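Coming up is one lone chain in structure tokens, specifically the form deposited in one PDB entry.
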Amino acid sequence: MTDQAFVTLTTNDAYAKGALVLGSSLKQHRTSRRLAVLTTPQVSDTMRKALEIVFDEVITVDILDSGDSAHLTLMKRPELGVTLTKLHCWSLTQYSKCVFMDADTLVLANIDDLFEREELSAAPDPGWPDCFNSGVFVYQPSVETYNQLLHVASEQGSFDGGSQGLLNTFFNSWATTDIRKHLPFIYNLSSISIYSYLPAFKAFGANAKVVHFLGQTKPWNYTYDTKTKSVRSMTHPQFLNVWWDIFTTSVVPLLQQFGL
């Protein structure tokens, strides 16, 4: 309850919108857990203040500062900045177990049952199914694990330049061990798969609990008509429209409170 939480990250204002929609969706589906968000100094004061209302805890991380434990690793592999910032999710020892969710995900139903899972439970990644997708994962905060991950990042780096490569390298038994650590695909449904492998989507898509907006165009990069309640042209805009409905209904008016 108080010791468990959903954790997300925002390094800029664009992703802060995503984090705000994600946090709202979790409240909408009545989670009994806490909501935490990692933020960097590049996130504006108004976005930070909005995050303080949606989330129960807002943690500031600045890997660009020499005082950060990941800074030295950053100097060595500067392209891993976002990854190293994300890894700080393991530093949240005030929680015994957490579900990390990228700011470009959207919750469509209560997913508190994820807390029944053990460290390193994640859904399979489309494209290369023997690697798990780093968009959503169950983990246990630990300084020791954090230090071990930073060590792998320092020595090996990430085979894909992101958190996905590093996490798969470290938690490498995932593909061949314990089916329970394979979170059902509907807990991290790739937006790409929805329009790509269509027959399967028509068959199992209605059970989607979490949508992961992948690709170059993020939800906030679309134009949304508030009258027709639909984004502008994409054979299944349903999810994009849910994201925008929450953004329009709960997030924007919240940000307006600060103009006064």
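All residue numbers refer to positions in the sequence shown, first residue = 1.
One more form of this protein, solved in complex with a small molecule, exists but is not displayed; see below.
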{"item": "The small molecule contact at residue 218 in the deposited bound form, heavy atom, 4.5 Å", "value": "yes"}
{"item": "Heavy atom of residue 134 within 4.5 Å of the small molecule in the deposited bound form", "value": "yes"}
{"item": "4.5 Å heavy atom contact, residue 82 and the small molecule in the deposited bound form", "value": "yes"}
{"item": "Non-hydrogen atom contact residue 73 with the small molecule in the deposited bound form at 4.5 angstroms", "value": "no"}
{"item": "Partner-contacting position among 248, 24, 11, 241 - heavy atom within 4.5 Å of the small molecule in the deposited bound form", "value": "11"}
{"item": "Candidate site 57, 90 and 142: all three near the small molecule in the deposited bound form by heavy atom within 4.5 Å", "value": "no"}
{"item": "Listed range touching the small molecule, judged in the deposited bound form by heavy atoms within 4.5 Å, from 48-56, 206-214, 223-231, 63-71", "value": "206-214"}
